[PDB]
Amino acid sequence: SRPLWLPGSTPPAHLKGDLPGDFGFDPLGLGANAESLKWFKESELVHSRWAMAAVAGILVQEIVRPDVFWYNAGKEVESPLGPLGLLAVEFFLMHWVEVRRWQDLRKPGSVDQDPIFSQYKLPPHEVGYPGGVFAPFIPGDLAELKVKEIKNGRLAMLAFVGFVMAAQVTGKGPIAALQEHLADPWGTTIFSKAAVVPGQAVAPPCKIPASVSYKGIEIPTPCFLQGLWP
Amino acid sequence: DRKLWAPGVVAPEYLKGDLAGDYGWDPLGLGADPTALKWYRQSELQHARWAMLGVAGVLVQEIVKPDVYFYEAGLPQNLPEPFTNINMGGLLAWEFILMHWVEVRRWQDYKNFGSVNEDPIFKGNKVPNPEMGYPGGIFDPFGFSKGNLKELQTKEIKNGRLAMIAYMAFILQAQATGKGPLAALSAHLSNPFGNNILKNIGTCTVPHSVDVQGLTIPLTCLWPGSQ
Amino acid sequence: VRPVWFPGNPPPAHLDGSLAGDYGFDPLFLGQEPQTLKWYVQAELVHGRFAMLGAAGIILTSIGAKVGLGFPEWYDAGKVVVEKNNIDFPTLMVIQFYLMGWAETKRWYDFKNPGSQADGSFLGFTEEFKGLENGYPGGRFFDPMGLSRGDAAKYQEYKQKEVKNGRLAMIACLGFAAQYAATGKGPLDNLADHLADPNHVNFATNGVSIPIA
Ligand code: CHL
Ligand code: CHL
Ligand code: CHL
Ligand code: CLA
Ligand code: CLA
Ligand SMILES: CC(/C=C/C=C(C)/C=C/[C@@]12O[C@]1(C)C[C@@H](O)CC2(C)C)=C\C=C\C=C(C)\C=C\C=C(C)\C=C\[C@@]12O[C@]1(C)C[C@@H](O)CC2(C)C
Ligand SMILES: CC(/C=C/C=C(C)/C=C/[C@@]12O[C@]1(C)C[C@@H](O)CC2(C)C)=C\C=C\C=C(C)\C=C\C=C(C)\C=C\[C@@]12O[C@]1(C)C[C@@H](O)CC2(C)C
């Protein structure tokens, strides 16, 4: 009745199309439990929203600041606030924000009131979709917008993972790697730099240094599951 | 009343001539399960159709390019000038992506008949798909399906079965004699008695392994022939 | 009806197919008594679950060794970890038996008196230790994703999958030990040798398994 991930298939019983982006994909049945789906619904939005912001940032960094490698931005960046000064502000600010979001997930409608200012309050809303101050402007129908958000978000989540493995294998940024693909599309695919057959296995070399020296300490920098690479 | 594979042999109950090219031949009784018979029928069509392309390719390629020795044609250095020494990794990438799409579409048709007839991108386009394994429509531009379809199915499977046997003759002959199909045929005519299977059967001419752009690929013959 | 380990042999009376992975294999009638069968059903799962962790760990580290990442073989990891990290073996052993003893004693008295560990005695937790079946704790701690609280049909399918991968892992862990004793090389070192020359490199030619060879 609705488009599915695999056309012609029957969606699992626990999936019925109520949620946005519900295309009936759940081969392992992780969403069968009602409470588990409610939690997994929140994490998908949070993961997607973080990924979209992260993917946009990495692309903009390379265009604006081509010299700096987004992978090495952790050590490359220098600021007066120092390493542990930045972390301190980040921890406390994120601890407040995340706990309040977490509380609404458990008991919705309890953390809508503004603590400091009495008059201001968050209108009634659904879990994971705060309104009011967070949404000053809405281009159109929310139902359509929610589907747009998740579909772009799901793509962004894959996009970020593409950056990491491309960065670890090719040792380059996202746009820089793409330019390499366009130069020699046949000789740059993962098939054209790695292969495993009975008796032999060839894998790309991890182009990220094993360890990083950062202000008198050594930070391990391992390639993700480098032993299982193709 | 149809003729059977052997004289005076009783055909299995589940083989009653519904399918084309039905001689009532199933010594292992693999078609007893009705669902299994459908799947095996599809694989017979796939082997039949791929094998016919394989036989045609080997023979035609031999005529146009006698020296290529199709058995070795897979090596990158033997490819035509435009594609000579192409990166096999990138070349495989095209086939995997394109074949994965096409074959999953065919597979989904078997799982749920008639579900994948319509074009996904351009709405409206469809194929008739009168029977599983016979999409028709765009796959039959000349419209030969119209008419005596049953007879055409019989002709397809009978020729396809012959191709399967014929192609594996090419492979074993190349492994034993080291020559292509037409080349081996000429050799037999020259010296029918001196040059035949009785002599060549004991030798396997395939090297143990080959190096394809730095990757070692194991190779084997279909019998423990004297290397 | 249902398949059995020895085709044509009727299954034993005490094995009725209700349990997961039941193929009517009990030639010595070790589980004829119903109460003893409960004990062994859980013993098999604990053995199977540990073997799966052991086999996966041994395989993964062996891949690290072959690829050159520097991992030691499973039969040398214990010595390497202790020496490289400067760990007192007797202290590490004692810590293990405190943590295993507490966790595994709780599993022991849940078998004796089911539901006894969910009385709130342990830090006030009253529902995470109740238990679903014999050998299947369930709950939001041991089953955080709630795959045992969703579809009932698929949960029974997983129980079949868990036991069979567990039995396969148990056999594999015996293979690692037997292969090391016969060959003295790592797991994947043996696999590489077999793929090189399968005909002339296997147990029938190692000079140990078949002494009359
Ligand atoms: C119908 C398909 C097909 C057939 C029949 C052949 C047949 C042949 N090719 Mg050719 N090729 C085929 C497709 C292709 N070849 C090549 C590329 C090559 C090369 C580069 C070479 C050959 C060679 C050979 C020979 C292999 C002898 C042997 O024992 O191999 C079988 C050996 C094996 C190790 C594989 C046996 C198992 C099975 C066939 C593969 C299945 C793999 C699974 C999909 C992997 C799945 C992994 C899991 C984890 C998901 C033989 C003449 C060799 C040759 O000319 O030798 C003189 C050679 O060097 N082929 C490509 C890439 C474009 C193909 C793409 O479809
Ligand atoms: C989403 C978060 C995040 C991610 C994905 C990365 C990712 C990366 N950083 Mg970056 N960083 C992140 C946040 C931060 N980094 C830094 C500071 C640095 C530095 C100084 C360096 C990197 C480096 C790297 C790279 C290698 C990482 C590695 O191998 O670590 C291996 C693993 C670890 C070192 C520890 C892992 C910790 C664990 C995942 C989470 C721990 C949680 C805390 C205990 C909870 C309390 C903290 C609060 C904030 C929640 C990689 C691209 C390195 C680089 O450039 O390599 C080329 C590098 O030198 N990052 C800061 C500022 C404090 C961050 C703040 O959020
Ligand atoms: C009369 C004494 C007495 C005895 C012999 C026991 C014996 C036992 N009690 Mg205990 N209890 C006793 C009194 C009491 N118990 C309880 C309440 C409970 C509960 C609720 C439970 C037990 C359990 C157990 C068993 C734990 C088995 C094990 O391996 O523990 C291993 C021991 C430990 C892990 C803790 C001790 C570790 C070490 C010796 C001390 C370390 C201290 C350091 C500060 C550590 C710091 C490390 C950090 C920094 C990394 C064991 C049979 C458990 C059990 O098995 O129940 C079925 C259980 O759940 N008892 C109360 C309160 C009413 C008691 C009051 O007198
Ligand atoms: C997940 C988000 C994220 C993270 C963690 C980073 C992290 C980083 N960025 Mg990137 N960036 C992002 C998103 C992100 N960026 C996005 C979305 C964009 C497009 C607008 C950019 C554009 C960008 C540029 C152009 C540059 C960086 C740079 C940097 C580095 C230094 C930052 C600095 O000095 O700030 C100092 C901080 C300030 C001066 C004040 C910032 C105040 C902000 C705007 C408040 C935003 C609040 C708002 C509620 C956030 C909503 C989204 C959020 C929830 C994800 C650092 C590695 C620099 C770099 O490459 O260094 C090597 C750099 O030049 N980023
Ligand atoms: C029971 C049948 C049988 C068996 C078990 C063997 C066993 C063996 N043969 Mg012998 N062989 C046989 C029959 C058999 N042969 C016959 C009938 C012929 C005449 C065609 C030969 C001709 C022959 C040669 C030329 C060589 C061997 C060799 C070998 C060795 C294996 C390597 C090899 O290349 O074999 C290849 C052999 C075959 C593929 C024959 C398969 C026969 C099948 C199993 C029986 C049915 C055949 C059927 C009637 C069709 C016959 C041909 C047809 C045109 C009429 C091995 C000791 C090799 C050797 O001496 O190594 C030191 C070797 O070089 N055999
Ligand atoms: C698909 C196939 C061949 C495909 C070949 C292709 C694509 C070749 C391509 C290329 O060559 C070219 C063109 C040019 C070269 O340069 C490159 C390559 C790539 C090499 C053969 C199948 C070949 C398939 C064969 C031979 C199958 C035979 C099956 C039989 C006899 C089964 C019999 C029974 O099962 C029944 C039916 C019923 C039971 O009751 C009883 C028993 C007896 C068990
Ligand atoms: C084979 C086995 C049991 C087999 C039992 C059989 C056939 C029983 C058969 C029968 O009884 C039946 C059913 C019914 C009866 O009527 C008849 C018989 C015939 C009597 C158990 C293996 C059980 C195997 C187990 C539990 C293995 C656990 C392994 C672990 C934890 C390994 C850990 C580590 O390897 C790491 C990960 C990293 C390393 O560096 C360090 C170490 C510590 C080595």
# chains A, B, ... in the order shown; residues from 1 in each chain; ligands from 1
$ select_by_dssp --residues "chain A" --states "strand (DSSP E)" --output "VMD selection string"
chain A and resid 195 to 197 200 to 202 211 to 214 217 to 220
$ write_last_selection --atoms "N, CA and C atoms" --output "compact mmCIF listing (two decimals), in the first residue's frame"
# COMPACT_ATOMS: atom_id res chain seq x y z
N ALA A 195 41.48 -6.99 -2.34
CA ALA A 195 40.87 -8.22 -2.84
C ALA A 195 41.33 -9.37 -1.97
N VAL A 196 40.43 -10.32 -1.73
CA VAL A 196 40.73 -11.52 -0.97
C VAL A 196 40.23 -12.72 -1.76
N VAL A 197 41.11 -13.69 -1.97
CA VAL A 197 40.75 -14.95 -2.61
C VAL A 197 41.37 -16.08 -1.80
N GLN A 200 45.20 -15.93 -0.71
CA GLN A 200 45.81 -14.61 -0.68
C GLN A 200 44.77 -13.58 -0.26
N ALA A 201 45.24 -12.56 0.46
CA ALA A 201 44.38 -11.48 0.91
C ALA A 201 45.18 -10.19 0.89
N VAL A 202 44.71 -9.21 0.13
CA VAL A 202 45.37 -7.92 -0.01
C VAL A 202 44.44 -6.85 0.54
N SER A 211 49.98 6.50 16.32
CA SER A 211 49.85 7.30 17.52
C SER A 211 50.03 8.77 17.18
N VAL A 212 49.44 9.63 18.01
CA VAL A 212 49.47 11.07 17.82
C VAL A 212 50.01 11.72 19.09
N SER A 213 51.03 12.55 18.95
CA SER A 213 51.57 13.32 20.06
C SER A 213 50.86 14.66 20.12
N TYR A 214 50.21 14.94 21.24
CA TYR A 214 49.40 16.15 21.40
C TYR A 214 49.66 16.72 22.79
N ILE A 217 51.39 14.28 25.42
CA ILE A 217 50.78 12.98 25.62
C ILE A 217 50.61 12.30 24.27
N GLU A 218 50.49 10.98 24.32
CA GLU A 218 50.34 10.15 23.13
C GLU A 218 48.91 9.66 23.05
N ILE A 219 48.23 9.99 21.96
CA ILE A 219 46.83 9.61 21.75
C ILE A 219 46.79 8.47 20.74
N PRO A 220 46.33 7.28 21.11
CA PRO A 220 46.18 6.22 20.11
C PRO A 220 45.20 6.64 19.03
$ interface_residues --of "chain A" --to "chain C" --cutoff "9 Å" --atoms "only C-alpha atoms" --output "PyMOL selection string"
chain A and resi 13-14+28-36+198-200+226-228
$ closest_atom_pairs --of "chain B" --to "chain A" --cutoff "9 Å" --atoms "only C-alpha atoms" --output "tab-separated table"
residue	atom	partner	partner_atom	distance
B:86	CA	A:186	CA	8.0
B:87	CA	A:187	CA	5.9
B:88	CA	A:192	CA	7.0
B:89	CA	A:192	CA	3.9
B:90	CA	A:186	CA	4.4
B:91	CA	A:186	CA	6.9
B:92	CA	A:191	CA	7.4
B:93	CA	A:191	CA	6.4
B:108	CA	A:8	CA	7.2
B:109	CA	A:8	CA	8.3
B:111	CA	A:9	CA	8.6
B:112	CA	A:8	CA	6.4
B:113	CA	A:8	CA	8.7
B:114	CA	A:8	CA	8.4
B:115	CA	A:8	CA	4.9
B:116	CA	A:8	CA	6.6
B:215	CA	A:200	CA	7.6
B:216	CA	A:200	CA	6.9
B:217	CA	A:197	CA	7.3
B:218	CA	A:198	CA	7.7
$ select_by_dssp --residues "stretch 3-221 of chain B" --states "helix (DSSP H, G or I)" --output "PyMOL selection string"
chain B and resi 34-64+66-68+70-72+76-78+81-83+88-111+137-139+149-177+181-190+197-200
$ residues_near_ligand --ligand "ligand 1" --cutoff "9 Å" --atoms "only C-alpha atoms and all ligand atoms" --output "MDAnalysis selection string"
(chainID A and resid 196:198) or (chainID B and resid 50:51 54 70:76 88:89 91:92 95:96 171 174 206:207 209:213 216:222)
$ write_last_selection --atoms "N, CA, C and O atoms" --output "compact mmCIF listing (two decimals), in the first residue's frame"
# COMPACT_ATOMS: atom_id res chain seq x y z
N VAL A 196 40.43 -10.32 -1.73
CA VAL A 196 40.73 -11.52 -0.97
C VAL A 196 40.23 -12.72 -1.76
O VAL A 196 39.07 -12.76 -2.17
N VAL A 197 41.11 -13.69 -1.97
CA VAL A 197 40.75 -14.95 -2.61
C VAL A 197 41.37 -16.08 -1.80
O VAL A 197 42.30 -15.85 -1.01
N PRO A 198 40.87 -17.30 -1.96
CA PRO A 198 41.49 -18.42 -1.25
C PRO A 198 42.99 -18.47 -1.46
O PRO A 198 43.47 -18.67 -2.59
N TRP B 50 22.16 -18.94 -20.23
CA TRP B 50 23.56 -18.53 -20.12
C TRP B 50 24.46 -19.45 -20.93
O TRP B 50 25.41 -18.98 -21.58
N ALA B 51 24.19 -20.75 -20.91
CA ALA B 51 25.03 -21.69 -21.65
C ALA B 51 24.96 -21.43 -23.15
O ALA B 51 25.98 -21.52 -23.84
N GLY B 54 27.10 -18.73 -23.89
CA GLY B 54 28.47 -19.17 -23.76
C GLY B 54 28.96 -19.92 -24.98
O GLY B 54 30.06 -19.68 -25.48
N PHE B 70 39.97 -18.70 -26.01
CA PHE B 70 38.99 -18.20 -25.05
C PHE B 70 39.28 -18.60 -23.61
O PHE B 70 39.00 -17.83 -22.69
N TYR B 71 39.83 -19.79 -23.40
CA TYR B 71 40.15 -20.22 -22.04
C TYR B 71 41.03 -19.19 -21.34
O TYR B 71 40.87 -18.94 -20.14
N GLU B 72 41.96 -18.58 -22.07
CA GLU B 72 42.84 -17.55 -21.54
C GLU B 72 42.33 -16.14 -21.78
O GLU B 72 43.01 -15.18 -21.40
N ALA B 73 41.16 -15.99 -22.41
CA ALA B 73 40.68 -14.66 -22.75
C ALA B 73 40.38 -13.81 -21.53
O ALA B 73 40.29 -12.58 -21.65
N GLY B 74 40.22 -14.42 -20.36
CA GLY B 74 39.92 -13.66 -19.16
C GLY B 74 41.08 -12.83 -18.66
O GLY B 74 40.86 -11.87 -17.91
N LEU B 75 42.30 -13.17 -19.04
CA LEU B 75 43.46 -12.42 -18.57
C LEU B 75 43.41 -10.99 -19.11
O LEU B 75 43.08 -10.78 -20.28
N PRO B 76 43.72 -9.99 -18.28
CA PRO B 76 43.59 -8.60 -18.75
C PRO B 76 44.45 -8.30 -19.97
O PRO B 76 44.01 -7.55 -20.85
N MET B 88 41.27 -4.83 -13.31
CA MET B 88 40.23 -5.83 -13.13
C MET B 88 39.35 -5.52 -11.93
O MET B 88 38.18 -5.93 -11.89
N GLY B 89 39.89 -4.83 -10.93
CA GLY B 89 39.08 -4.48 -9.77
C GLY B 89 37.95 -3.54 -10.13
O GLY B 89 36.80 -3.74 -9.72
N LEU B 91 36.80 -3.17 -13.20
CA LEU B 91 35.97 -3.89 -14.15
C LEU B 91 34.96 -4.78 -13.44
O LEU B 91 33.80 -4.88 -13.85
N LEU B 92 35.39 -5.45 -12.37
CA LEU B 92 34.47 -6.27 -11.60
C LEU B 92 33.41 -5.43 -10.90
O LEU B 92 32.28 -5.89 -10.71
N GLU B 95 30.28 -5.07 -12.97
CA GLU B 95 29.49 -6.29 -13.07
C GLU B 95 28.73 -6.57 -11.79
O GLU B 95 27.55 -6.95 -11.82
N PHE B 96 29.38 -6.41 -10.64
CA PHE B 96 28.71 -6.69 -9.37
C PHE B 96 27.50 -5.78 -9.18
O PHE B 96 26.40 -6.24 -8.86
N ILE B 171 34.99 -26.95 -22.28
CA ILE B 171 35.85 -26.76 -21.12
C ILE B 171 36.77 -27.95 -20.93
O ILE B 171 37.98 -27.81 -20.75
N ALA B 174 39.37 -28.18 -23.73
CA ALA B 174 40.44 -27.20 -23.54
C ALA B 174 41.38 -27.63 -22.42
O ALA B 174 42.61 -27.50 -22.55
N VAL B 206 46.17 -27.03 -17.77
CA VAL B 206 45.92 -25.78 -17.06
C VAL B 206 47.02 -25.56 -16.02
O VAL B 206 47.28 -26.46 -15.22
N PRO B 207 47.68 -24.41 -16.01
CA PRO B 207 48.68 -24.16 -14.96
C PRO B 207 48.04 -24.14 -13.58
O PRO B 207 46.84 -23.91 -13.42
N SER B 209 48.36 -22.02 -11.12
CA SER B 209 47.84 -20.72 -10.75
C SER B 209 48.37 -19.67 -11.72
O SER B 209 49.36 -19.89 -12.41
N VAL B 210 47.68 -18.53 -11.75
CA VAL B 210 48.06 -17.41 -12.60
C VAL B 210 48.12 -16.15 -11.74
O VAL B 210 47.52 -16.07 -10.67
N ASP B 211 48.86 -15.16 -12.24
CA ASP B 211 49.03 -13.88 -11.57
C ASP B 211 48.30 -12.83 -12.39
O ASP B 211 48.73 -12.49 -13.50
N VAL B 212 47.21 -12.31 -11.84
CA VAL B 212 46.40 -11.30 -12.51
C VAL B 212 46.65 -9.98 -11.80
O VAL B 212 46.05 -9.69 -10.76
N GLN B 213 47.55 -9.17 -12.37
CA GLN B 213 47.84 -7.84 -11.84
C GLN B 213 48.23 -7.91 -10.37
O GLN B 213 47.80 -7.09 -9.55
N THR B 216 47.08 -13.58 -7.05
CA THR B 216 47.23 -14.97 -7.45
C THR B 216 45.88 -15.67 -7.41
O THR B 216 45.21 -15.66 -6.38
N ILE B 217 45.50 -16.27 -8.52
CA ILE B 217 44.20 -16.93 -8.67
C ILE B 217 44.45 -18.43 -8.83
O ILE B 217 45.11 -18.84 -9.79
N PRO B 218 43.95 -19.27 -7.92
CA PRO B 218 44.09 -20.72 -8.12
C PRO B 218 43.29 -21.20 -9.31
O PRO B 218 42.24 -20.65 -9.66
N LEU B 219 43.80 -22.26 -9.95
CA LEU B 219 43.14 -22.87 -11.09
C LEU B 219 43.16 -24.38 -10.92
O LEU B 219 44.02 -24.93 -10.23
N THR B 220 42.20 -25.05 -11.55
CA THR B 220 42.13 -26.50 -11.48
C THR B 220 41.50 -27.05 -12.75
O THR B 220 40.78 -26.35 -13.47
N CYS B 221 41.78 -28.32 -13.01
CA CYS B 221 41.06 -29.12 -13.98
C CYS B 221 39.93 -29.87 -13.26
O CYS B 221 39.90 -29.96 -12.04
N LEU B 222 39.00 -30.40 -14.05
CA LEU B 222 37.86 -31.11 -13.47
C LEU B 222 38.18 -32.56 -13.13
O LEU B 222 37.30 -33.27 -12.64
$ atom_distance --atom1 "atom CA of residue C:116" --atom2 "atom 35 (C, counted along the ligand's line) of ligand 3"
19.3 Å
$ closest_residue --among "C:201, C:81, C:118, C:28" --to "ligand 3" --atoms "only C-alpha atoms and all ligand atoms"
C:118
$ residues_around --residues "residue C:18" --least-positions-apart "5" --cutoff "12 Å" --atoms "only C-alpha atoms" --output "ChimeraX atom specification"
/C:2,23-24,41,156,159-160
$ write_last_selection --atoms "N, CA, C and O atoms" --output "compact mmCIF listing (two decimals), in the first residue's frame"
# COMPACT_ATOMS: atom_id res chain seq x y z
N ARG C 2 9.56 -34.95 13.25
CA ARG C 2 10.68 -34.03 13.27
C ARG C 2 11.99 -34.78 13.02
O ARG C 2 12.11 -35.95 13.39
N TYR C 23 17.04 -32.94 18.75
CA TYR C 23 17.08 -33.93 17.69
C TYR C 23 16.98 -35.34 18.23
O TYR C 23 17.30 -36.30 17.53
N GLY C 24 16.55 -35.49 19.48
CA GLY C 24 16.42 -36.81 20.08
C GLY C 24 17.74 -37.53 20.25
O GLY C 24 17.79 -38.76 20.10
N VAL C 41 20.01 -28.76 30.41
CA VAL C 41 19.61 -27.77 29.42
C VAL C 41 20.33 -26.46 29.67
O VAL C 41 20.83 -25.81 28.74
N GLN C 156 11.20 -17.87 19.31
CA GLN C 156 11.44 -19.31 19.26
C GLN C 156 12.45 -19.66 18.18
O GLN C 156 13.23 -20.60 18.35
N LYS C 159 15.96 -19.02 19.57
CA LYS C 159 16.40 -20.07 20.48
C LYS C 159 16.99 -21.24 19.71
O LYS C 159 17.98 -21.84 20.14
N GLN C 160 16.40 -21.58 18.57
CA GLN C 160 16.99 -22.60 17.71
C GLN C 160 18.35 -22.15 17.19
O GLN C 160 19.30 -22.93 17.16
$ residues_near_ligand --ligand "ligand 4" --cutoff "10 Å" --atoms "only C-alpha atoms and all ligand atoms" --output "CSV table (one decimal) with N, CA, C and O atoms, in the first residue's frame"
chain,number,residue,atom,x,y,z
A,46,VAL,N,18.3,11.5,16.7
A,46,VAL,CA,19.4,12.2,17.3
A,46,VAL,C,20.7,11.8,16.5
A,46,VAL,O,21.5,12.7,16.1
A,49,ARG,N,20.3,13.7,13.1
A,49,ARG,CA,20.5,15.1,13.2
A,49,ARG,C,22.0,15.5,13.5
A,49,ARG,O,22.5,16.4,12.9
A,50,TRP,N,22.7,14.7,14.3
A,50,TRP,CA,24.1,14.9,14.5
A,50,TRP,C,24.9,14.7,13.2
A,50,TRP,O,25.8,15.4,12.9
A,51,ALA,N,24.5,13.6,12.5
A,51,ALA,CA,25.3,13.3,11.3
A,51,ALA,C,25.1,14.4,10.2
A,51,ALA,O,26.1,14.8,9.6
A,52,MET,N,23.9,14.9,10.1
A,52,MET,CA,23.7,16.0,9.1
A,52,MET,C,24.5,17.2,9.4
A,52,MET,O,25.1,17.8,8.5
A,53,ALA,N,24.5,17.6,10.7
A,53,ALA,CA,25.4,18.7,11.0
A,53,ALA,C,26.8,18.4,10.8
A,53,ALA,O,27.6,19.3,10.4
A,54,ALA,N,27.2,17.2,11.2
A,54,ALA,CA,28.6,16.8,11.0
A,54,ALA,C,29.1,16.7,9.6
A,54,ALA,O,30.1,17.3,9.2
A,55,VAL,N,28.2,16.1,8.7
A,55,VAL,CA,28.6,16.0,7.3
A,55,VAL,C,28.7,17.4,6.7
A,55,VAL,O,29.6,17.6,5.9
A,56,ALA,N,27.7,18.2,7.0
A,56,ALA,CA,27.8,19.6,6.4
A,56,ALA,C,29.0,20.3,6.9
A,56,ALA,O,29.7,21.0,6.1
A,57,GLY,N,29.4,20.1,8.1
A,57,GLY,CA,30.6,20.8,8.6
A,57,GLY,C,31.9,20.4,7.9
A,57,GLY,O,32.7,21.2,7.6
A,58,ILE,N,32.0,19.1,7.8
A,58,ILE,CA,33.3,18.6,7.1
A,58,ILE,C,33.4,19.1,5.7
A,58,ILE,O,34.5,19.5,5.3
A,59,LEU,N,32.3,19.1,5.0
A,59,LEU,CA,32.3,19.6,3.6
A,59,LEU,C,32.7,21.1,3.6
A,59,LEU,O,33.5,21.6,2.8
A,60,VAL,N,32.1,21.9,4.5
A,60,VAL,CA,32.4,23.3,4.6
A,60,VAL,C,33.8,23.6,5.0
A,60,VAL,O,34.4,24.5,4.5
A,61,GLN,N,34.3,22.8,5.9
A,61,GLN,CA,35.7,23.0,6.4
A,61,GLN,C,36.6,22.8,5.2
A,61,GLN,O,37.6,23.6,5.0
A,62,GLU,N,36.4,21.8,4.4
A,62,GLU,CA,37.4,21.6,3.3
A,62,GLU,C,37.3,22.7,2.3
A,62,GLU,O,38.4,23.1,1.8
A,63,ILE,N,36.1,23.2,1.9
A,63,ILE,CA,36.0,24.2,1.0
A,63,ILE,C,36.6,25.5,1.6
A,63,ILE,O,37.4,26.2,0.9
A,64,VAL,N,36.2,25.9,2.8
A,64,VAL,CA,36.7,27.1,3.4
A,64,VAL,C,38.2,27.0,3.8
A,64,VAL,O,39.0,27.9,3.5
A,65,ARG,N,38.6,25.8,4.4
A,65,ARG,CA,39.9,25.6,4.9
A,65,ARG,C,40.5,24.3,4.3
A,65,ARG,O,40.6,23.3,5.0
A,66,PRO,N,40.9,24.3,3.1
A,66,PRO,CA,41.3,23.1,2.4
A,66,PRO,C,42.5,22.5,3.1
A,66,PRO,O,42.7,21.3,3.1
A,67,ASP,N,43.4,23.3,3.6
A,67,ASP,CA,44.7,22.8,4.1
A,67,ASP,C,44.5,21.8,5.3
A,67,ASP,O,45.1,20.7,5.3
A,68,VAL,N,43.6,22.1,6.2
A,68,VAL,CA,43.4,21.3,7.4
A,68,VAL,C,42.6,20.1,7.0
A,68,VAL,O,41.6,20.2,6.4
A,69,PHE,N,43.0,18.9,7.5
A,69,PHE,CA,42.3,17.7,7.3
A,69,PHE,C,41.3,17.5,8.5
A,69,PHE,O,41.7,17.6,9.6
A,70,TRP,N,40.1,17.3,8.1
A,70,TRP,CA,39.0,17.2,9.2
A,70,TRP,C,39.4,16.1,10.2
A,70,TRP,O,39.0,16.2,11.4
A,71,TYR,N,40.0,15.1,9.7
A,71,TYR,CA,40.4,14.0,10.6
A,71,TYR,C,41.4,14.5,11.7
A,71,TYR,O,41.3,14.2,12.9
A,72,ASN,N,42.3,15.4,11.3
A,72,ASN,CA,43.4,15.9,12.2
A,72,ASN,C,42.9,17.2,12.8
A,72,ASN,O,43.8,17.8,13.5
A,73,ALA,N,41.7,17.7,12.6
A,73,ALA,CA,41.3,18.9,13.2
A,73,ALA,C,41.4,18.9,14.7
A,73,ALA,O,41.5,20.0,15.3
A,74,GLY,N,41.3,17.7,15.3
A,74,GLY,CA,41.4,17.7,16.8
A,74,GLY,C,42.6,18.2,17.3
A,74,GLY,O,42.6,19.0,18.3
A,75,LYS,N,43.8,17.9,16.8
A,75,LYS,CA,45.1,18.3,17.2
A,75,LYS,C,45.5,19.6,16.5
A,75,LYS,O,46.2,20.4,17.1
A,76,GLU,N,45.1,19.8,15.3
A,76,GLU,CA,45.5,21.0,14.5
A,76,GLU,C,45.0,22.3,15.1
A,76,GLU,O,45.7,23.3,15.2
A,77,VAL,N,43.7,22.3,15.6
A,77,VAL,CA,43.1,23.5,16.1
A,77,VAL,C,43.8,24.0,17.4
A,77,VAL,O,44.2,23.2,18.2
A,78,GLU,N,44.1,25.3,17.4
A,78,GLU,CA,44.7,25.9,18.6
A,78,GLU,C,43.8,27.1,19.0
A,78,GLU,O,43.3,27.9,18.2
A,79,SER,N,43.5,27.1,20.3
A,79,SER,CA,42.7,28.2,20.9
A,79,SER,C,43.2,28.5,22.3
A,79,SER,O,43.8,27.7,22.9
A,81,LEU,N,41.5,28.8,24.9
A,81,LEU,CA,40.8,28.1,26.0
A,81,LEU,C,41.4,26.8,26.4
A,81,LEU,O,41.1,26.3,27.5
A,86,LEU,N,38.1,23.8,27.1
A,86,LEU,CA,37.1,23.5,26.2
A,86,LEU,C,36.2,22.3,26.6
A,86,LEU,O,35.0,22.4,26.6
A,94,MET,N,26.6,20.1,27.7
A,94,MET,CA,26.0,19.0,27.1
A,94,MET,C,25.2,18.2,28.1
A,94,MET,O,24.2,17.6,27.8
A,134,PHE,N,12.1,26.3,19.6
A,134,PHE,CA,13.0,25.5,18.7
A,134,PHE,C,12.5,25.5,17.2
A,134,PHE,O,13.4,25.3,16.4
$ residues_near_ligand --ligand "ligand 5" --cutoff "12 Å" --atoms "only C-alpha atoms and all ligand atoms" --output "ChimeraX atom specification"
/B:172-173,175-176,193,195-205,221-227
$ residues_near_ligand --ligand "ligand 7" --cutoff "10 Å" --atoms "only C-alpha atoms and all ligand atoms" --output "PyMOL selection string"
chain C and resi 24-32+40+44-62+71-81+166-177
$ residues_near_ligand --ligand "ligand 6" --cutoff "9 Å" --atoms "only C-alpha atoms and all ligand atoms" --output "number ranges by chain"
B: 25-31, 40, 44, 46-61, 68-74, 161-169, 171
$ residues_near_ligand --ligand "ligand 3" --cutoff "6 Å" --atoms "only C-alpha atoms and all ligand atoms" --output "list in words"
residues 98, 99, 101, 102, 105, 106, 109, 121 and 122 of chain C
